[PDB]
């Protein structure tokens, strides 16, 4: 069984975001086409462990910001597949940017929406950058070795 690495695109700034984050991670551990251990998770790769909620002294540090930004870009460009855990009502600008970078780097762009939200309107540009969009409960079984283009079964705004 060949295995692909991913970039774990996800907000971590609300309760719905954090719930979906946790669900998506568990789904990935059970997916036999994913090498999760060699994958890139932003929250585990911030420069010196820093997040502006846990060590707010880095809110204005340009060195931390430069290295973390670069590391995230690096995590996209050196992994096979771009994943975007996506809350339709709580969309994230950072993920948006990362989606656009992933497109520029030739990566398959897969959005994953919680089952309870799948169908709800998403930003047109998110719909368009994405190659496919699936429900959280499909993620454990998604075959990342044969990723195909498909349309969201749901609305845009």
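We call the rigid core whatever largest set of C-alpha positions still superposes within 1.5 Å between the two forms. Numbering follows the first chain given and starts at 1.
Asks: Would you mind working out which of 85-93 and 54-62 sits farther from this form in 5 other deposited structures of this protein by RMS C-alpha distance, with the rigid core as the fit?
Replies: Most displaced of the pair in 5 other deposited structures of this protein: 54-62.
Asks: Is 100-108 or 42-50 the stretch whose C-alphas end up farther from this model in 5 other deposited structures of this protein after a rigid core fit?
Replies: After the core superposition, the stretch with higher RMS deviation in 5 other deposited structures of this protein is 42-50.
Asks: Where do the C-alpha atoms have the higher mean temperature factor in this entry, in 25-33 or in 47-55?
Replies: Per the PDB record, 47-55.
Asks: Sorting the chain's CA B-factors, does residue 64 end up in the lowest, middle or highest third?
Replies: Ranked within chain, residue 64 CA B lands in the highest tercile.
Asks: Consider only the C-alpha atoms of the modelled residues in this chain, order them by B-factor as the entry records it, and name the third containing residue 133: lowest, middle or highest.
Replies: Bottom third by C-alpha B-factor.
Asks: Of the three thirds of its chain by CA temperature factor, lowest, middle or highest, which one includes residue 106?
Replies: CA B-factor rank for residue 106: lowest third.
Asks: Which third of the chain holds residue 91 when residues are ordered by C-alpha B factor: lowest, middle or highest?
Replies: Its C-alpha B-factor belongs to the middle third of this chain's values.
Asks: Among the modelled residues of this chain, does the Cα B factor of residue 143 put it in the lowest, middle or highest third?
Replies: Within its chain, residue 143 is a lowest-third residue by C-alpha B-factor, going by the deposited values.
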